[PDB]
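Q: Sharing a structure here in structure tokens format.
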Amino acid sequence: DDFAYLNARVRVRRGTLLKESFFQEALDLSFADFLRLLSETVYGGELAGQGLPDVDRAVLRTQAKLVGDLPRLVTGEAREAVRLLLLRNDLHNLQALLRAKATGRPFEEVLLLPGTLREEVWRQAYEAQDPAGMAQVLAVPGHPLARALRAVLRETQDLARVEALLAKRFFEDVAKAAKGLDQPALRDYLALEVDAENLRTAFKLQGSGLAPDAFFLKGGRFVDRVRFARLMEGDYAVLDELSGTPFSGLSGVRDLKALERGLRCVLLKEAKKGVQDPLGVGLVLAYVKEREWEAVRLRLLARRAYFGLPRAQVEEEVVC
Amino acid sequence: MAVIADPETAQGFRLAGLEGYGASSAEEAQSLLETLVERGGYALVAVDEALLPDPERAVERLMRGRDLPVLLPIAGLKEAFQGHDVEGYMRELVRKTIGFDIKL
Amino acid sequence: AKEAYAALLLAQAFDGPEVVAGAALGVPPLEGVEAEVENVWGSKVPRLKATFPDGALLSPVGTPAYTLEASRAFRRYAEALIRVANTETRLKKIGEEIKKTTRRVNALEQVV
């Protein structure tokens with residue numbers, strides 16, 4: 001409820017962040033220098049041993065320690081708001097769970113990264129006869145995925161098209177809840193994420209020839225459904241049509257790698273606008289996205305040091 | 001099919017829909033090689049160069065006949081900054097094959 | 001190889017390790033390769049054909065983005081892999097057939 005008592009610990013955690021020189025000096029290391037610098041870092045407090053997998057497990061434990069508590073320590077409308085910040089890992093865990101239930105591998109098959117609800121609920125959801133019964137076992141009150149999967153659950157028993165339509169309805173109900181809050185910037189950031197995901201589905205499905213209206217979603221403000229069909233066709237001018245919006249530098253690109261790189265750049269730049277709101281909740285969302293950019297930078301530098309990457313090989317990864 | 005290089009390498013192949021294994025030591029690489037040879041896997045096995053250079057040994061000891069799990073000394077990615085020295089591999093191959101190394 | 005390992009490094013760097021484990025444990029049927037017949041100078045040799053579950057791919061709405069580029073990458077990787085396999089096996093058999101002929105020539109000459 002209190003968007004300030006959490007904001008104080010948010011400012012404290014914002015005080016615990018690495019500078020750009022911490023990665024700029026990390027452009028030249030040999031994973032032992034990187035291990036020593038991470039040993040200086042707070043994320044190396046869970047530093048178990050040596051090796052890339054130990055480094056990634058320590059990074060996941062540090063992310064759970066510094067980022068997982070934000071889902072806790074709050075109650076009310078602020079809890080309903082801050083729940084829809086670290087939601088991608090939860091939807092990914094639910095998607096892997098649906099894939100495992102439809103596939104047939106072991107319930108300990110996927111590694112089940114940390115999200116919002118109890119992992120014991122995810123273990124208990126491995127055994128459920130009805131999909132609606134599994135949804136009710138996974139039903140939290142303010143979980144948007146619980147309301148999304150139940151509404152999408154009135155089609156069949158367990159289908160992959162049900163899973164894709166459930167992801168579409170998940171993004172749709174996320175946009176509906178983002179419109180259904182008293183937050184001036186969280187709705188804008190969620191809508192920017194929705195339009196970027198629409199562009200990402202368009203670039204991933206460009207040339208597929210499928211139905212774009214079945215692929216296009218609702219909730220954005222930066223593009224059009226006709227612009228969506230133009231992006232579905234081989235027309236980069238629609239990507240050039242993005243002028244004045246946050247999709248500014250996204251122009252003249254056809255390769256999806258640098259396209260989604262600049263998309264993440266625009267998303268992080270919009271997330272940088274969250275420091276303007278010291279009283280609401282978007283500052284905490286900015287802190288979460290900052291830890292996310294730090295996490296991408298950490299696993300990137302970890303891969304670079306473990307495989308000996310060139311500085312030119314990852315030069316397009318720290319430009320913003 | 002199947003490959004063995006490294007868990008970080010093998011998870012890309014498992015993402016291809018292709019059976020992966022991964023061993024840090026060369027003896028464990030022949031162990032996993034022996035595993036998929038005894039569990040005769042669809043006839044192809046790729047092996048990284050860094051673990052086994054010429055991995056013919058397990059199949060010539062075990063499956064001397066039938067030529068079936070085809071071996072490949074594939075290149076590893078931390079070494080694929082160099083690019084295997086493909087010409088030197090080919091020289092080594094013809095010298096192994098017909099004995100007589102010459103210049104192409 | 002260099003393009004596919006680059007795509008895999010980028011997808012595991014940016015997107016999480018656990019989610020690429022989760023998207024890769026969900027599997028296409030992975031099989032389909034077969035060792036069909038080739039006949040080269042008195043010897044059948046196995047010529048492999050492709051795997052082909054690539055008509056059946058997961059996540060039509062690709063929920064990660066850089067990971068699906070790696071799932072597209074390692075199919076081209078495995079295809080170039082089986083091409084190298086069913087060229088090098090022919091080269092093996094031709095080379096050893098030849099050196100067999102030379103040892104039969106020298107045996108036949110210097111004895112009979």
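Labels used: A, B, ... for chains in the order of the structure tokens, numbers from 1 for residues in each chain, and numbers from 1 for ligands as shown.
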For chain C versus chain B, which residues have an atom no more than 9 Å away, and what is each residue's nearest atom pair and distance in Å rounded to one decimal, using only C-alpha atoms, chain-then-number order, as a tab-separated table?

A:
residue	atom	partner	partner_atom	distance
C:1	CA	B:80	CA	7.8
C:2	CA	B:80	CA	7.0
C:4	CA	B:12	CA	8.8
C:5	CA	B:77	CA	6.7
C:8	CA	B:12	CA	6.5
C:20	CA	B:15	CA	8.1
C:21	CA	B:11	CA	7.3
C:23	CA	B:15	CA	7.4
C:24	CA	B:15	CA	4.4
C:25	CA	B:14	CA	7.3
C:26	CA	B:15	CA	8.6
C:27	CA	B:17	CA	6.0
C:28	CA	B:17	CA	5.7
C:29	CA	B:17	CA	7.0
C:30	CA	B:17	CA	4.5
C:31	CA	B:1	CA	7.5
C:32	CA	B:42	CA	8.3
C:33	CA	B:42	CA	6.6
C:34	CA	B:42	CA	7.2
C:35	CA	B:43	CA	7.3
C:45	CA	B:67	CA	8.0
C:46	CA	B:68	CA	7.3
C:48	CA	B:43	CA	8.4
C:51	CA	B:1	CA	8.6
C:53	CA	B:17	CA	8.0
C:54	CA	B:17	CA	8.8
C:67	CA	B:15	CA	8.7
C:70	CA	B:12	CA	7.4
C:71	CA	B:16	CA	5.4
C:72	CA	B:16	CA	7.7
C:73	CA	B:16	CA	8.1
C:74	CA	B:16	CA	5.3
C:75	CA	B:16	CA	5.8
C:77	CA	B:16	CA	8.9
C:78	CA	B:16	CA	8.0
C:81	CA	B:46	CA	8.5
C:82	CA	B:44	CA	8.3
C:84	CA	B:72	CA	8.7
C:85	CA	B:72	CA	7.1
C:86	CA	B:70	CA	9.0
C:88	CA	B:72	CA	9.0
C:89	CA	B:70	CA	7.9
C:92	CA	B:97	CA	7.2
C:95	CA	B:97	CA	5.9
C:96	CA	B:97	CA	6.7
C:98	CA	B:98	CA	7.8
C:99	CA	B:98	CA	6.2

Q: For the residues in that selection, give me N, CA and C atoms as a compact mmCIF listing (two decimals), in the first residue's frame.

A:
# COMPACT_ATOMS: atom_id res chain seq x y z
N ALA C 1 29.14 -22.52 -38.09
CA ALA C 1 29.48 -22.72 -36.70
C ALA C 1 29.62 -21.41 -35.97
N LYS C 2 30.29 -20.45 -36.59
CA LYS C 2 30.52 -19.21 -35.87
C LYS C 2 29.23 -18.43 -35.73
N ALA C 4 26.23 -19.83 -35.45
CA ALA C 4 25.31 -20.50 -34.53
C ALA C 4 25.79 -20.40 -33.09
N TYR C 5 27.10 -20.48 -32.86
CA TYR C 5 27.55 -20.27 -31.49
C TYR C 5 27.39 -18.82 -31.07
N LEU C 8 23.80 -18.55 -29.99
CA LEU C 8 23.54 -19.22 -28.72
C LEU C 8 24.12 -18.44 -27.55
N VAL C 20 16.03 -20.75 -21.32
CA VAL C 20 16.44 -21.44 -22.53
C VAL C 20 16.53 -22.94 -22.26
N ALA C 21 16.82 -23.32 -21.01
CA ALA C 21 16.69 -24.72 -20.61
C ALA C 21 15.24 -25.17 -20.70
N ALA C 23 12.84 -23.80 -22.63
CA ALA C 23 12.40 -23.83 -24.01
C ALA C 23 13.09 -24.92 -24.81
N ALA C 24 14.19 -25.47 -24.31
CA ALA C 24 14.85 -26.55 -25.02
C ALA C 24 14.51 -27.93 -24.47
N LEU C 25 13.99 -28.03 -23.25
CA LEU C 25 13.51 -29.33 -22.75
C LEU C 25 12.20 -29.71 -23.41
N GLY C 26 11.34 -28.73 -23.67
CA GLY C 26 10.23 -28.94 -24.57
C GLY C 26 10.79 -29.23 -25.94
N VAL C 27 10.53 -30.43 -26.46
CA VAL C 27 11.34 -30.93 -27.57
C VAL C 27 10.45 -31.35 -28.72
N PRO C 28 10.89 -31.05 -29.93
CA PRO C 28 10.44 -31.80 -31.10
C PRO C 28 10.90 -33.24 -31.01
N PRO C 29 10.33 -34.17 -31.82
CA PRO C 29 10.67 -35.59 -31.66
C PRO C 29 12.11 -36.00 -31.94
N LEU C 30 12.94 -35.08 -32.47
CA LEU C 30 14.40 -35.13 -32.48
C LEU C 30 14.98 -36.16 -33.45
N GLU C 31 14.14 -37.01 -34.02
CA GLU C 31 14.59 -38.16 -34.77
C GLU C 31 14.18 -38.02 -36.22
N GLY C 32 14.58 -39.00 -37.02
CA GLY C 32 14.21 -39.02 -38.42
C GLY C 32 15.38 -39.34 -39.32
N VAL C 33 16.59 -39.29 -38.76
CA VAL C 33 17.77 -39.61 -39.54
C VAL C 33 17.77 -41.09 -39.89
N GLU C 34 18.27 -41.41 -41.08
CA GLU C 34 18.41 -42.79 -41.51
C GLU C 34 19.59 -42.91 -42.46
N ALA C 35 20.18 -44.11 -42.44
CA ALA C 35 21.41 -44.46 -43.14
C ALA C 35 21.06 -45.27 -44.39
N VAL C 45 27.84 -48.14 -48.31
CA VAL C 45 28.17 -47.18 -47.27
C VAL C 45 26.90 -46.45 -46.83
N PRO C 46 26.81 -46.04 -45.57
CA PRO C 46 25.63 -45.30 -45.08
C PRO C 46 25.68 -43.85 -45.53
N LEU C 48 23.55 -40.63 -44.82
CA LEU C 48 22.48 -40.17 -43.95
C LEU C 48 21.59 -39.18 -44.67
N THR C 51 17.15 -34.76 -40.55
CA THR C 51 16.35 -35.18 -39.40
C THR C 51 14.87 -34.88 -39.61
N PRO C 53 12.24 -32.83 -38.03
CA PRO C 53 11.06 -32.31 -37.34
C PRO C 53 10.90 -30.80 -37.48
N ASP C 54 11.69 -30.14 -38.33
CA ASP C 54 11.71 -28.68 -38.38
C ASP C 54 10.42 -28.11 -38.98
N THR C 67 16.26 -16.63 -28.48
CA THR C 67 16.33 -18.08 -28.40
C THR C 67 15.82 -18.72 -29.68
N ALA C 70 18.33 -18.97 -32.18
CA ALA C 70 19.24 -20.09 -31.98
C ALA C 70 18.61 -21.41 -32.40
N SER C 71 17.30 -21.56 -32.23
CA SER C 71 16.64 -22.77 -32.70
C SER C 71 16.58 -22.82 -34.22
N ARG C 72 16.60 -21.67 -34.86
CA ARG C 72 16.78 -21.65 -36.30
C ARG C 72 18.24 -21.86 -36.67
N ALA C 73 19.17 -21.46 -35.81
CA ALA C 73 20.59 -21.55 -36.14
C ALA C 73 21.07 -22.98 -36.10
N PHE C 74 20.79 -23.68 -35.01
CA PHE C 74 21.33 -25.02 -34.88
C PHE C 74 20.69 -26.03 -35.82
N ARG C 75 19.58 -25.71 -36.50
CA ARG C 75 19.13 -26.59 -37.57
C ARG C 75 20.02 -26.48 -38.80
N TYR C 77 23.04 -25.62 -38.56
CA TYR C 77 24.26 -26.24 -38.07
C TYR C 77 24.23 -27.75 -38.22
N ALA C 78 23.14 -28.38 -37.79
CA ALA C 78 23.03 -29.83 -37.92
C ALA C 78 22.93 -30.27 -39.37
N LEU C 81 26.27 -30.27 -40.66
CA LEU C 81 26.92 -31.38 -39.99
C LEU C 81 26.67 -32.69 -40.73
N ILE C 82 25.43 -32.95 -41.14
CA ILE C 82 25.20 -34.22 -41.81
C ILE C 82 25.72 -34.18 -43.23
N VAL C 84 28.67 -32.75 -44.02
CA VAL C 84 30.07 -33.12 -43.81
C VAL C 84 30.20 -34.60 -43.49
N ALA C 85 29.24 -35.15 -42.77
CA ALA C 85 29.30 -36.58 -42.46
C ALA C 85 29.17 -37.44 -43.72
N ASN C 86 28.15 -37.18 -44.54
CA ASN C 86 27.99 -38.03 -45.72
C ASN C 86 28.78 -37.54 -46.92
N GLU C 88 32.47 -37.03 -45.83
CA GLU C 88 33.69 -37.61 -45.30
C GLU C 88 33.64 -39.12 -45.23
N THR C 89 32.45 -39.71 -45.07
CA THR C 89 32.44 -41.18 -45.04
C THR C 89 32.75 -41.77 -46.42
N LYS C 92 36.52 -41.52 -46.77
CA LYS C 92 37.16 -42.60 -46.03
C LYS C 92 37.17 -43.88 -46.84
N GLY C 95 39.47 -43.74 -49.96
CA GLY C 95 40.88 -43.78 -49.62
C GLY C 95 41.35 -45.15 -49.16
N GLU C 96 40.52 -45.85 -48.39
CA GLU C 96 41.02 -47.13 -47.93
C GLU C 96 40.84 -48.24 -48.97
N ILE C 98 41.45 -47.65 -52.07
CA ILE C 98 42.65 -47.41 -52.88
C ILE C 98 43.87 -48.03 -52.24
N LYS C 99 44.04 -47.84 -50.94
CA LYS C 99 45.25 -48.40 -50.38
C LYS C 99 45.16 -49.90 -50.26

Q: With 9 Å as the limit and counting only C-alpha atoms, what residues in chain A lie close to chain C? Please list them as an MDAnalysis selection string.

A: chainID A and resid 56 89 92:93 95:97 99:100 103 105 109:113 160:161 163:165 167:168 197 200:201 204:205 215 256:257 260 293 295:304 313:314

Q: Which residues of chain A have any atom within 9 Å of an atom in chain B when counting only C-alpha atoms, and what is the closest pair of atoms for each, with the distance in Å to one decimal? Order the rows by chain and rising number and write it as a tab-separated table.

A:
residue	atom	partner	partner_atom	distance
A:53	CA	B:8	CA	8.9
A:306	CA	B:78	CA	8.4
A:307	CA	B:78	CA	5.1
A:308	CA	B:78	CA	6.7
A:309	CA	B:78	CA	8.3

Q: The selected residues should be written to file as an mmCIF file, in the first residue's frame (atoms: C-alpha atoms).

A:
data_model
loop_
_atom_site.group_PDB
_atom_site.id
_atom_site.type_symbol
_atom_site.label_atom_id
_atom_site.label_comp_id
_atom_site.auth_asym_id
_atom_site.auth_seq_id
_atom_site.Cartn_x
_atom_site.Cartn_y
_atom_site.Cartn_z
ATOM 1 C CA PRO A 53 27.511 -22.349 -14.211
ATOM 2 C CA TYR A 306 34.361 -17.960 -20.122
ATOM 3 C CA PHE A 307 34.609 -18.281 -23.908
ATOM 4 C CA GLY A 308 37.156 -15.501 -24.442
ATOM 5 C CA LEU A 309 34.991 -13.233 -26.556
#

Q: Between atom CA of residue 84 of chain A and atom CA of residue 139 of chain A, what is the distance, to one decimal in Å?

A: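 Computing it gives 15.2 Å between the two atoms.
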
Q: Chain B: which residues are helix (DSSP H, G or I) by DSSP, as a ChimeraX atom specification?

A: /B:7-16,26-38,57-62,86-97

Q: Tell me which protein, DNA and RNA residues are within 10 Å of segment 29-35 of chain B, counting only C-alpha atoms, leaving out same-chain ones fewer than 2 positions away, and put them as an MDAnalysis selection string.

A: chainID B and resid 2:6 21:27 37:41 45:48 51:52 55 57:59 62 71

Q: Could you name the residues that touch segment 238-240 of chain A at 6 Å or less, counting only C-alpha atoms, but leaving out those on the same chain fewer than 2 positions away, as a list in words?

A: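 So the residues in contact are residues 236, 242 and 251 of chain A.
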
Q: Residues near segment 316-318 of chain A, anyone? I mean within 9 Å using only C-alpha atoms, not counting same-chain ones fewer than 6 positions away, as a ChimeraX atom specification.

A: /A:20,23-24,258,261,297,300

Q: Selected residues, C-alpha atoms, written as a PDB file, in the first residue's frame, please.

A:
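File again-v1.pdb, as written:
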ATOM      1  CA  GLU A  20      29.154   1.768 -16.362  1.00  0.00           C
ATOM      2  CA  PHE A  23      31.541  -3.065 -17.138  1.00  0.00           C
ATOM      3  CA  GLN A  24      33.882  -0.834 -19.160  1.00  0.00           C
ATOM      4  CA  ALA A 258      19.903  -5.540 -33.778  1.00  0.00           C
ATOM      5  CA  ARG A 261      18.571  -4.875 -29.380  1.00  0.00           C
ATOM      6  CA  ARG A 297      25.315  -7.452 -18.751  1.00  0.00           C
ATOM      7  CA  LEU A 300      27.074 -11.344 -21.163  1.00  0.00           C
TER       8      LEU A 300
END

Q: Can you pull out every residue from chain C that DSSP, working from the backbone, puts in strand (DSSP E), and format the result as a ChimeraX atom specification?

A: /C:35-39,44-48

Q: Quick one: residues within 8 Å of segment 178-186 of chain A, only C-alpha atoms counted, chain neighbours fewer than 6 positions away excluded, as number ranges by chain?

A: A: 81, 274, 280-282

Q: Given the selection you just returned, output its residues as a file containing C-alpha atoms, formatted as a tab-separated table (two decimals), in the first residue's frame.

A:
chain	number	residue	atom	x	y	z
A	81	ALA	CA	0.76	-3.01	-9.11
A	274	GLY	CA	10.98	6.09	-14.04
A	280	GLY	CA	4.52	6.18	-7.16
A	281	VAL	CA	5.82	2.76	-8.16
A	282	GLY	CA	7.67	3.31	-11.44

Q: Would you pick out the contacts of residue 272 of chain A at 12 Å or less, using only C-alpha atoms, so that residues sharing its chain but fewer than 4 positions from it are not included, and give the list as a PyMOL selection string?

A: chain A and resi 185+189+265-268+276-277+282-290+293+320

Q: Find the distance between atom CA of residue 126 of chain A and atom CA of residue 64 of chain A and write it in Å to one decimal.

A: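 Interatomic distance here is 23.2 Å.
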